[PDB]
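This is input04.cif (mmCIF, C-alpha atoms).
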```
data_protein
loop_
_atom_site.label_atom_id
_atom_site.label_comp_id
_atom_site.auth_asym_id
_atom_site.auth_seq_id
_atom_site.Cartn_x
_atom_site.Cartn_y
_atom_site.Cartn_z
CA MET A 1 106.42 85.94 108.82
CA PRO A 2 109.58 86.68 106.77
CA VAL A 3 113.04 85.82 107.95
CA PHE A 4 114.56 88.68 109.97
CA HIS A 5 116.80 90.78 107.97
CA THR A 6 120.21 90.74 109.73
CA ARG A 7 121.40 88.50 112.61
CA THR A 8 121.56 91.40 115.12
CA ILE A 9 117.74 91.95 114.75
CA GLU A 10 117.02 88.25 114.55
CA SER A 11 118.65 87.81 117.98
CA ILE A 12 116.56 90.61 119.33
CA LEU A 13 113.17 90.13 117.85
CA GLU A 14 112.65 86.41 117.12
CA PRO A 15 112.37 85.45 120.75
CA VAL A 16 109.40 87.79 120.93
CA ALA A 17 107.89 86.90 117.66
CA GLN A 18 107.94 83.31 118.69
CA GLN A 19 106.32 83.86 122.14
CA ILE A 20 103.63 86.03 120.52
CA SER A 21 102.67 82.97 118.56
CA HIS A 22 102.78 80.80 121.61
CA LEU A 23 100.19 83.21 123.05
CA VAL A 24 98.09 83.02 119.96
CA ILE A 25 97.83 79.23 119.87
CA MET A 26 96.99 79.46 123.51
CA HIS A 27 94.28 82.01 123.07
CA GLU A 28 92.63 80.30 120.13
CA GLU A 29 92.72 76.73 121.32
CA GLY A 30 90.11 76.82 124.03
CA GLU A 31 91.83 78.04 127.00
CA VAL A 32 93.50 81.18 128.47
CA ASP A 33 89.64 81.19 128.93
CA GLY A 34 90.32 79.04 131.93
CA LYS A 35 91.73 81.21 134.65
CA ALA A 36 92.47 84.38 136.28
CA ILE A 37 95.16 86.00 133.96
CA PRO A 38 96.46 87.67 137.15
CA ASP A 39 96.74 91.43 137.81
CA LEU A 40 99.00 92.33 135.03
CA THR A 41 99.43 96.00 135.75
CA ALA A 42 102.97 95.45 136.81
CA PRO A 43 104.30 93.48 133.73
CA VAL A 44 102.67 96.01 131.59
CA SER A 45 104.07 98.96 133.32
CA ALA A 46 107.36 97.13 132.96
CA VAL A 47 106.63 97.17 129.21
CA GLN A 48 105.65 100.84 129.20
CA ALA A 49 108.84 102.08 130.81
CA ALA A 50 110.95 100.14 128.33
CA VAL A 51 109.12 101.61 125.36
CA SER A 52 109.16 105.00 126.90
CA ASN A 53 112.87 104.57 126.93
CA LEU A 54 113.06 103.37 123.46
CA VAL A 55 111.27 106.39 122.22
CA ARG A 56 113.54 108.53 124.35
CA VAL A 57 116.50 107.30 122.23
CA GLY A 58 114.72 107.27 118.84
CA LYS A 59 113.67 110.88 119.44
CA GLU A 60 117.25 111.62 120.57
CA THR A 61 118.46 110.04 117.34
CA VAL A 62 116.02 111.92 115.07
CA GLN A 63 117.00 115.29 116.41
CA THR A 64 120.73 114.59 115.81
CA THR A 65 121.50 112.72 112.51
CA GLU A 66 122.02 114.16 109.05
CA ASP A 67 119.84 111.55 107.39
CA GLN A 68 116.55 113.20 106.42
CA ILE A 69 114.91 109.79 105.45
CA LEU A 70 115.68 108.78 108.99
CA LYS A 71 114.00 112.00 110.17
CA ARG A 72 110.91 111.10 108.17
CA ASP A 73 110.60 107.42 108.82
CA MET A 74 111.33 106.80 112.47
CA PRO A 75 108.61 108.93 114.08
CA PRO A 76 105.72 106.57 113.15
CA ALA A 77 107.54 103.73 114.85
CA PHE A 78 107.23 105.76 117.95
CA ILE A 79 103.49 105.89 117.50
CA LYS A 80 102.93 102.35 116.37
CA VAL A 81 104.71 101.30 119.49
CA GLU A 82 103.25 104.07 121.71
CA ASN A 83 99.81 103.21 120.61
CA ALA A 84 100.54 99.55 121.21
CA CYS A 85 100.91 100.24 124.92
CA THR A 86 97.62 101.96 125.19
CA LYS A 87 96.17 98.57 124.09
CA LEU A 88 98.23 96.75 126.80
CA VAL A 89 97.19 99.14 129.56
CA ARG A 90 93.61 98.64 128.71
CA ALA A 91 93.84 94.90 128.69
CA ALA A 92 95.34 95.25 132.20
CA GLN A 93 92.60 97.33 133.54
CA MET A 94 90.10 95.07 131.80
CA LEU A 95 91.60 92.07 133.60
CA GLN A 96 91.92 93.64 136.99
CA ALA A 97 88.10 93.95 136.60
CA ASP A 98 87.34 90.70 134.88
CA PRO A 99 89.97 87.89 134.63
CA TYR A 100 87.73 86.13 132.12
CA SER A 101 87.69 89.22 129.90
CA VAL A 102 87.79 88.13 126.36
CA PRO A 103 88.60 91.37 124.53
CA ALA A 104 91.50 91.84 126.94
CA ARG A 105 93.06 88.72 125.50
CA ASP A 106 92.71 90.13 121.96
CA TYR A 107 94.08 93.42 123.14
CA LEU A 108 97.10 91.67 124.64
CA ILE A 109 97.93 89.85 121.48
CA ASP A 110 97.50 92.89 119.48
CA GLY A 111 99.58 95.04 121.78
CA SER A 112 102.51 92.71 121.57
CA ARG A 113 102.19 92.36 117.82
CA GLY A 114 102.13 96.11 117.72
CA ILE A 115 105.28 96.30 119.68
CA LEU A 116 107.04 93.76 117.66
CA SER A 117 106.00 95.62 114.57
CA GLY A 118 106.99 99.08 115.78
CA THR A 119 110.37 97.98 117.11
CA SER A 120 110.88 95.94 113.97
CA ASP A 121 110.38 99.04 111.73
CA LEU A 122 112.32 101.19 114.09
CA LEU A 123 115.27 98.79 113.79
CA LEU A 124 114.77 98.47 110.02
CA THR A 125 115.20 102.20 109.63
CA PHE A 126 118.27 102.64 111.57
CA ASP A 127 119.66 99.77 109.52
CA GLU A 128 118.45 101.13 106.18
CA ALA A 129 120.41 104.21 107.12
CA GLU A 130 123.36 102.10 108.23
CA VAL A 131 123.31 100.65 104.75
CA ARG A 132 123.02 104.11 103.12
CA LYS A 133 126.36 105.20 104.60
CA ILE A 134 128.11 102.22 102.99
CA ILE A 135 126.56 103.09 99.75
CA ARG A 136 127.96 106.67 100.03
CA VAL A 137 131.37 105.10 100.39
CA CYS A 138 131.05 102.98 97.29
CA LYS A 139 129.85 105.86 95.28
CA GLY A 140 132.98 107.66 96.48
CA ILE A 141 135.14 104.99 95.03
CA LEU A 142 133.02 104.87 91.86
CA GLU A 143 133.69 108.51 91.28
CA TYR A 144 137.39 108.12 91.73
CA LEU A 145 137.61 105.32 89.17
CA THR A 146 136.27 107.98 86.83
CA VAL A 147 139.40 109.97 87.69
CA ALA A 148 141.80 107.19 86.56
CA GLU A 149 141.32 108.36 82.93
CA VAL A 150 143.24 111.48 83.58
CA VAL A 151 146.10 110.16 85.62
CA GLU A 152 148.76 111.00 83.01
CA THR A 153 152.11 110.94 84.95
CA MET A 154 154.21 109.27 87.54
CA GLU A 155 153.43 112.17 90.07
CA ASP A 156 149.67 111.77 89.73
CA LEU A 157 149.86 108.00 89.66
CA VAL A 158 151.36 107.89 93.08
CA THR A 159 149.08 110.60 94.33
CA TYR A 160 146.13 108.67 92.86
CA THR A 161 147.05 105.30 94.23
CA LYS A 162 147.88 106.86 97.61
CA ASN A 163 144.14 107.44 98.08
CA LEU A 164 142.51 104.69 96.09
CA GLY A 165 144.35 101.82 97.93
CA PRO A 166 142.83 102.84 101.38
CA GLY A 167 139.36 103.96 100.17
CA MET A 168 139.31 100.37 99.04
CA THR A 169 140.41 99.13 102.46
CA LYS A 170 137.57 101.13 104.22
CA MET A 171 134.92 99.73 101.80
CA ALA A 172 136.42 96.29 102.11
CA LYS A 173 136.27 96.52 105.88
CA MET A 174 132.57 97.30 105.87
CA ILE A 175 131.32 95.07 103.16
CA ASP A 176 132.97 92.20 104.97
CA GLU A 177 131.70 93.17 108.36
CA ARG A 178 128.35 93.80 106.66
CA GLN A 179 128.11 90.48 104.90
CA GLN A 180 128.58 88.59 108.17
CA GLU A 181 125.47 90.44 109.26
CA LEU A 182 123.03 89.13 106.71
CA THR A 183 120.59 86.13 106.81
CA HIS A 184 120.62 85.21 103.18
CA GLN A 185 123.58 83.18 101.90
CA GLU A 186 123.11 84.12 98.29
CA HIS A 187 123.38 87.80 99.21
CA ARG A 188 126.29 87.06 101.52
CA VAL A 189 127.87 85.36 98.60
CA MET A 190 127.07 87.81 95.97
CA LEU A 191 128.65 90.51 98.00
CA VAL A 192 131.82 88.74 98.75
CA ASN A 193 132.47 87.51 95.32
CA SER A 194 131.82 90.96 93.95
CA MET A 195 134.18 92.41 96.56
CA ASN A 196 136.88 89.79 96.07
CA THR A 197 136.47 90.40 92.35
CA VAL A 198 137.63 93.97 93.26
CA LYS A 199 140.15 93.46 95.94
CA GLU A 200 141.96 91.87 92.90
CA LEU A 201 141.48 94.26 90.00
CA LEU A 202 142.97 96.91 92.17
CA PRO A 203 146.54 96.08 91.18
CA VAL A 204 145.44 95.38 87.63
CA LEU A 205 144.02 98.82 87.65
CA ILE A 206 147.37 99.96 88.87
CA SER A 207 149.50 98.26 86.22
CA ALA A 208 147.00 99.07 83.53
CA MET A 209 147.60 102.63 84.42
CA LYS A 210 151.33 102.39 84.97
CA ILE A 211 151.54 101.30 81.40
CA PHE A 212 149.47 104.09 80.07
CA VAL A 213 151.67 106.44 82.01
CA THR A 214 154.79 104.76 80.71
CA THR A 215 153.84 104.78 77.07
CA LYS A 216 152.43 108.29 77.06
CA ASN A 217 155.70 109.53 78.51
CA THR A 218 157.68 107.50 75.82
CA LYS A 219 155.59 109.13 72.97
CA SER A 220 155.01 105.66 71.41
CA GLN A 221 152.87 103.13 69.80
CA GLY A 222 149.90 101.35 71.43
CA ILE A 223 148.82 103.86 73.98
CA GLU A 224 145.56 102.88 72.25
CA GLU A 225 145.69 99.43 73.90
CA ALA A 226 146.73 100.35 77.44
CA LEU A 227 144.06 102.92 77.24
CA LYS A 228 141.56 100.09 76.78
CA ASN A 229 142.88 97.30 79.00
CA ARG A 230 142.76 100.14 81.44
CA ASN A 231 139.32 101.49 80.85
CA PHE A 232 137.88 98.01 80.87
CA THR A 233 139.33 97.42 84.31
CA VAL A 234 137.40 100.47 85.47
CA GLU A 235 134.36 99.10 83.75
CA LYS A 236 134.58 95.80 85.60
CA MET A 237 135.43 97.45 88.87
CA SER A 238 132.64 99.92 88.60
CA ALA A 239 130.18 97.29 87.23
CA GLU A 240 130.93 95.19 90.18
CA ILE A 241 130.70 97.94 92.73
CA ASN A 242 127.16 98.88 91.50
CA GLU A 243 126.37 95.26 92.03
CA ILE A 244 127.46 95.44 95.64
CA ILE A 245 125.33 98.49 96.04
CA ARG A 246 122.47 96.53 94.51
CA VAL A 247 122.84 93.74 96.92
CA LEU A 248 123.08 95.80 100.08
CA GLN A 249 119.62 97.15 99.14
CA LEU A 250 117.78 93.79 99.19
CA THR A 251 115.19 92.17 101.58
CA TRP B 1 123.96 102.75 117.17
CA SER B 2 124.09 99.61 119.28
CA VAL B 3 122.54 101.76 122.10
CA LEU B 4 119.39 101.98 120.04
CA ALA B 5 119.38 98.17 119.71
CA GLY B 6 120.28 98.06 123.40
CA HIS B 7 116.82 99.46 124.30
CA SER B 8 114.88 97.46 121.73
CA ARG B 9 116.28 94.32 123.25
CA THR B 10 114.90 95.42 126.56
CA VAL B 11 111.36 96.05 125.21
CA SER B 12 111.50 92.51 123.99
CA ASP B 13 112.08 91.03 127.43
CA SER B 14 109.46 93.47 128.78
CA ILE B 15 107.07 91.79 126.49
CA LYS B 16 108.22 88.24 126.82
CA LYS B 17 108.26 88.50 130.61
CA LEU B 18 104.75 89.83 130.19
CA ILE B 19 103.37 87.20 127.82
CA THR B 20 105.08 84.71 130.13
CA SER B 21 103.34 86.05 133.28
CA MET B 22 99.77 85.33 131.95
CA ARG B 23 100.25 81.64 132.44
#
```
Can you present the structure in this file as structure tokens?
Amino acid sequence: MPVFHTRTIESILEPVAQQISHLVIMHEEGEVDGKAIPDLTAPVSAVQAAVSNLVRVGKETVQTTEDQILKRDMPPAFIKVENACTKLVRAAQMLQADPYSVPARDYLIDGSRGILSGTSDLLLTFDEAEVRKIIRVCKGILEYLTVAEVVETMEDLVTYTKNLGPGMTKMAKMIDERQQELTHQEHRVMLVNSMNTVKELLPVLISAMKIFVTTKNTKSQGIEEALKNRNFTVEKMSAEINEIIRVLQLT
Amino acid sequence: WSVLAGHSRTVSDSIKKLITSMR
């Protein structure tokens, strides 16, 4: 019932969600209670193999991966989904015996919905984690901005900018490629503005600093000022980055 | 990564093909 979270999942999961409704209308307006619902062992077993596979890979994933929230959260998907099949198999079985079986129809619904749900969660976790990596990056930058307040010479400036400039490009890459992913325009926007807003203080940050580094090395007057047009820049940059972080973490 | 999604997309058709197949 909510919009699907990114367009990769949407593509995957909507086609199913839809059809599961189609079934539901069907059930509850008179008449799968007409015929036959033919021997369905085969379609199911189809379904079972696929899920068995899915688990295969989830389990593979769990046992690799550094992310311990991943480790915790993915297992139950496996059940939700594993259990779901149980309900499908039974429905099959029930139908093989009695085509007019009414609880089979409920079972079928509820299996599918189960599988949707499992798979949904399963995908939501891997993605939550996929977002968490990005975050780690941003935090990395955030920390470095911190370190601008000690760059005190030409040597260190160059050194400093040698790393900042690229760290930025990596974050930039992924925010952008991340924003194209989302299904909410306001969030897509928010991100991009907040990243463009940063793309562009980068050189301000530079010059801000250059100046501090110039005036410190000239032993003269309004260090005082550079010092603040500089720190502010880090305050905007930072403030914005936490905003990006914020947005990434939304429904 | 996309392999995970790879399999989840299958399960979907598994299902759809199934819910199909009742009619």
With the file shown as input, list the residues that the PyMOL selection byres ((chain A and resi 230) around 12) selects, as a ChimeraX atom specification.
/A:145-146,148-151,201-213,223-229,231-237
Which residues, named as in the file, does the PyMOL selection byres ((chain B and resi 6-21) around 9) pick out? Answer as number ranges by chain.
A: 9, 11-13, 15-16, 19-20, 22-23, 37-38, 40, 42-51, 53-54, 57, 108-109, 112, 115-116, 119-120, 122-123; B: 1-5, 22-23
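The environment of residue 118 (chain A) within 6 Å, counting all atoms listed in the file and disregarding residues fewer than 5 places along the same chain, consists of residues 77, 80 and 81 of chain A.
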Polymer residues at most 12 Å from residue 66 (chain A), all atoms listed in the file, same-chain spacing of 4 or more positions, as a PyMOL selection string
chain A and resi 61-62+70-72+129+132-133
Would you kindly translate the PyMOL selection byres ((chain A and resi 177) around 12) into the concrete residues it picks from this file, as a compact mmCIF listing (two decimals) with C-alpha atoms, keeping the file's coordinate frame?
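After the write, result-v5.txt holds the following:
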```txt
# COMPACT_ATOMS: atom_id res chain seq x y z
CA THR A 6 120.21 90.74 109.73
CA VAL A 131 123.31 100.65 104.75
CA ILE A 134 128.11 102.22 102.99
CA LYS A 170 137.57 101.13 104.22
CA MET A 171 134.92 99.73 101.80
CA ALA A 172 136.42 96.29 102.11
CA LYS A 173 136.27 96.52 105.88
CA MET A 174 132.57 97.30 105.87
CA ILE A 175 131.32 95.07 103.16
CA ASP A 176 132.97 92.20 104.97
CA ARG A 178 128.35 93.80 106.66
CA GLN A 179 128.11 90.48 104.90
CA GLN A 180 128.58 88.59 108.17
CA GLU A 181 125.47 90.44 109.26
CA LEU A 182 123.03 89.13 106.71
CA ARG A 188 126.29 87.06 101.52
CA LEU A 191 128.65 90.51 98.00
CA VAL A 192 131.82 88.74 98.75
```
Near residue 143 (chain A), counting all atoms listed in the file, which residues have an atom at most 12 Å away, once you skip same-chain residues fewer than 6 positions from it, shown as a list in words?
residues 136, 137, 149, 164, 167, 234, 237, 238, 241 and 242 of chain A
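You will find CA of residue 200 (chain A) at 19.0 Å from CA of residue 147 (chain A).
Rounded to one decimal, CA of residue 100 (chain A) and CA of residue 35 (chain A) lie 6.8 Å from each other.
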If we count only C-alpha atoms and set the cut-off at 8 Å, which residues sit around residue 247 (chain A), ignoring sequence neighbours fewer than 4 positions away in its own chain? Please answer as a ChimeraX atom specification.
/A:187,190-191,243
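Relative to CA of residue 168 (chain A), CA of residue 154 (chain A) is found at 20.8 Å.
Residues within 10 Å of residue 98 (chain A), counting only C-alpha atoms and excluding same-chain residues fewer than 6 positions away, are residues 36, 37, 38, 39, 91, 92 and 104 of chain A.
Of the listed residues A:111, A:75, A:30, A:2, the one whose atoms come nearest to chain B is A:111, with distances taken using only C-alpha atoms.
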